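Single-structure report; data block below.
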Protein chains: 2
Amino acid sequence: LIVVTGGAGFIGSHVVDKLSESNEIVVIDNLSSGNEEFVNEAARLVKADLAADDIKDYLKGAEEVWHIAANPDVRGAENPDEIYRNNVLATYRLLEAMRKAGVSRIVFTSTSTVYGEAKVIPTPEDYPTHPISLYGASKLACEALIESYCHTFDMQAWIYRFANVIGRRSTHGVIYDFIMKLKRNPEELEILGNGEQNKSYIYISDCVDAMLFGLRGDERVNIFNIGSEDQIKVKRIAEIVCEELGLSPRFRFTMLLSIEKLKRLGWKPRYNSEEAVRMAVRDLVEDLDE
Amino acid sequence: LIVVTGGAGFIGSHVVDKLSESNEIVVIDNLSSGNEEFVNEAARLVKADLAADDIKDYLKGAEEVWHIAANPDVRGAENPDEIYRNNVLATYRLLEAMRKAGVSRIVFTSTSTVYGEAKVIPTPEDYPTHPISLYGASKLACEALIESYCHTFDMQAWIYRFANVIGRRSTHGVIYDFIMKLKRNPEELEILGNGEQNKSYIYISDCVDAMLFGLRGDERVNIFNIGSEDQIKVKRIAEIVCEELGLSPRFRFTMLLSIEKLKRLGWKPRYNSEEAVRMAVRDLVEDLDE
Ligand SMILES: NC(=O)c1ccc[n+]([C@@H]2O[C@H](COP(=O)([O-])OP(=O)(O)OC[C@H]3O[C@@H](n4cnc5c(N)ncnc54)[C@H](O)[C@@H]3O)[C@@H](O)[C@H]2O)c1
Ligand SMILES: NC(=O)c1ccc[n+]([C@@H]2O[C@H](COP(=O)([O-])OP(=O)(O)OC[C@H]3O[C@@H](n4cnc5c(N)ncnc54)[C@H](O)[C@@H]3O)[C@@H](O)[C@H]2O)c1
């Protein structure tokens, strides 16, 4: 019996698909940015807001909680109140619910931005955490609360930090922006910068697999970075998008984490950045139609 | 024009006394653990709850905010909701209010417990922060939020980590308990364990002088540990309490931060632990009369 908060969203729904195969799954989601159609039918969907509704009764008997729910991290035009509410408060309320209900296992999706302006790349898990963005700070705040509840109310946790996950059911970012442009005009793709900018992506299946793998970690609190073995330039992303869409437009030009910790434990990503991107472009295409 | 939250409390009142000598002070306090009588008469006392009221008219024109307000850190007998509301939520709401009012300088009293189980003593500011207590976690969360607001909304902050501050106006601590118990049976004092526990104490004036001194730090976010140069044993504390009370009961037996960063800056605590304790005891005896 496992509870998956945010199980109706991108990463969450994938987690549900994998766990539902051998666990009774209860999903808690207010569908603010999720889609109930993504939820496996073998699971029970409870439509509740972690920041305002009492959820201890939905946690009754649960052996573990995969806390995947959170506010969408956006570029700039961010709202402090929603980030606070859906990240900090929601997590605090969940921990209290877990405490009262007796649930002592939590798997949490943090974020690569807890490291702020890191001066060493690839960034290891023991690198200082001085977030500069509100989303990063909210997540580091969540990690602190989790850590303390683990020591104070005897819980065990697995915290995963990662940057950009792509794959079926996700709809935003560079790949999305390119598709929507080429749909708008198949003969020209605008690229901000000179395309030499680098990016790194982890394919969704690898994100899920890493989180499952890290569970063998047996410290009271286990922190792991998840990421790909490489990088990819925006210029190459554009080409792959054009390749899969079968196009040849005219191009108009206007935080890497170290995974050595998980790798010494025995995990390795199956896909590199280019493969993650190519598979993600195909699934996004069909996703937008579906 | 400076606003001091928690200005009716122990550390806060002393800050107000010192700052009022050359600045217009506005104290925001809900008089929970604080005493109105401790507020300097030259200051304006605004009775409000940081975690619930509209404090916009009060931050108007302020140059900086000394955020001293917070929940009492108790022993096992703590109220998560109270710690969350008076530390995390109050701080979030304050930062929002500051943002809205245009105040961009914040001085914050954090805590030594953000370091959890420090394995490096004297503990430096760059030591990892993995709190084991809800109080420590609540403060680390506050630090994260403050650091992100500084970077996102152009603010500058001075964060102070410390423990065991003693002196006039404080009523929580080993000294207070010893005097209280001694006031029952002046011929027999019960001391936990063999009382060989070392404990670094900082006298209130050194805490306040350190905070004022640290303002010289010119990074966007300045973090400093505060403390005295040494430690003192529990048994020794009991002795000094008796030495001052003029009693000779028989004893019935039932961490150190590095300040090299502030010292490099030119600050030095005036009193060692024994001196802070001796002065604090006399301060309390006289406090109990008022
Ligand atoms: N997608 C990425 O690239 C990425 C990168 C780093 C970290 N993360 C983290 O991974 C987690 C999942 O991200 P995602 O991409 O799948 O986003 P998402 O928006 O698809 O999934 C989050 C789900 O949480 C639910 N939710 C939000 N607030 C809620 C509340 N108060 N009560 C109940 N449900 C609530 C939403 O309805 C949504 O379905 C988040 O915690 C996020 O911070 C994602
Ligand atoms: N005294 C110590 O040994 C020590 C050690 C470490 C950290 N600190 C930190 O130093 C700061 C001051 O500690 P203190 O010893 O003076 O404690 P204190 O309890 O005397 O002072 C806190 C003040 O905050 C006010 N307050 C609390 N909640 C409030 C709210 N919601 N709205 C408005 N006012 C509110 C109280 O009325 C009180 O006057 C705190 O942030 C504390 O965590 C103190």
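Order of listing sets the numbers, starting from 1, for every ligand and every atom in it. Chain letters run A, B, ... following the sequence lines, proteins first, then strands; residues in each count from 1.
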Show the atoms of ligand 1 that are less than 4.0 angstrom away from any heavy atom in [X].
{"X": "A:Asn86", "value": "28 (N), 31 (N)"}
{"X": "A:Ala163", "value": "3 (O), 5 (C), 6 (C)"}
{"X": "A:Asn164", "value": "3 (O)"}
{"X": "A:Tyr135", "value": "42 (C), 43 (O)"}
{"X": "A:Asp49", "value": "30 (C), 31 (N), 32 (N)"}
{"X": "A:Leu31", "value": "37 (O)"}
{"X": "A:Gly9", "value": "20 (O), 21 (O), 39 (O)"}

Backbone or side-chain N or O of [X] under 3.5 Å from ligand 1 N or O:
{"X": "A:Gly6", "result": "no"}
{"X": "A:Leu50", "result": "yes"}
{"X": "A:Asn35", "result": "no"}
{"X": "A:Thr111", "result": "no"}
{"X": "A:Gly12", "result": "no"}
{"X": "A:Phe10", "result": "yes"}
{"X": "A:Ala90", "result": "no"}

Would you mind listing which atoms of ligand 2 come within a distance below 4.0 Å of any non-hydrogen atom of [X]?
{"X": "B:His172", "result": "1 (N), 15 (O)"}
{"X": "B:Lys139", "result": "40 (C), 41 (O), 43 (O)"}
{"X": "B:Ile68", "result": "11 (C), 12 (C), 40 (C), 41 (O)"}
{"X": "B:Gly34", "result": "36 (C), 37 (O), 38 (C), 39 (O)"}
{"X": "B:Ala48", "result": "32 (N), 33 (C)"}

Requested in this report: Would you verify that at least one protein heavy atom lies under 4.0 Å from atom 39 (O) of ligand 2, or report that none does?
Outcome: yes
Query - atom 16 (O) of ligand 1 touched by protein (heavy atom, under 4.0 Å) - result: yes
Query raised in the report: So A:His67 and A:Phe108, would you call those rings parallel, tilted or perpendicular, with 30° and 60° as cut-offs?
Result: parallel
Query raised in the report: Do the rings of B:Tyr203 and B:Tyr271 sit parallel, tilted or perpendicular, given the 30° and 60° boundaries?
Result: perpendicular
Report task. Classify the contact between A:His67 and ligand 1 as side chain, backbone, both or neither, using a heavy-atom distance cut-off of under 4.0 Å. Result -> neither
Query raised in the report: What part of A:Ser112, side chain, backbone, both or neither, has a heavy atom within less than 4.0 angstrom of ligand 1?
Result: neither
Query raised in the report: Just going by heavy-atom distances, which of A:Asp53, A:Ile226, A:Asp29 is nearest to atom 25 (C) of ligand 1?
Result: A:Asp29
Query raised in the report: Which atom names give the shortest non-hydrogen contact between B:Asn87 and B:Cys142, and what distance separates them?
Result: O-SG, 3.3 Å
Requested in this report: Start with the C-alpha gap between B:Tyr176 and B:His172, add the side-chain angles, then the distance that decides, and say whether ring pair (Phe, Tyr, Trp, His ring centres under 6.0 Å) holds.
Outcome: CA-CA 6 Å; B:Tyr176 178 73; B:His172 52 286; 9.0 Å; no
Query raised in the report: Are B:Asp81 and A:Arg93 ion-paired here, with the side-chain N under 4.0 Å from a carboxylate O?
Result: no
Requested in this report: May I ask whether A:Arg169 places a heavy atom under 4.0 Å from ligand 1?
Outcome: no
Protein heavy-atom partner closest to [atom] - residue, atom, separation in Å:
{"atom": "atom 26 (N) of ligand 1", "result": "A:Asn30 OD1, 3.5 Å"}
{"atom": "atom 22 (C) of ligand 2", "result": "B:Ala70 O, 3.8 Å"}
{"atom": "atom 18 (P) of ligand 2", "result": "B:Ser33 OG, 3.7 Å"}
{"atom": "atom 6 (C) of ligand 2", "result": "B:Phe162 O, 3.3 Å"}

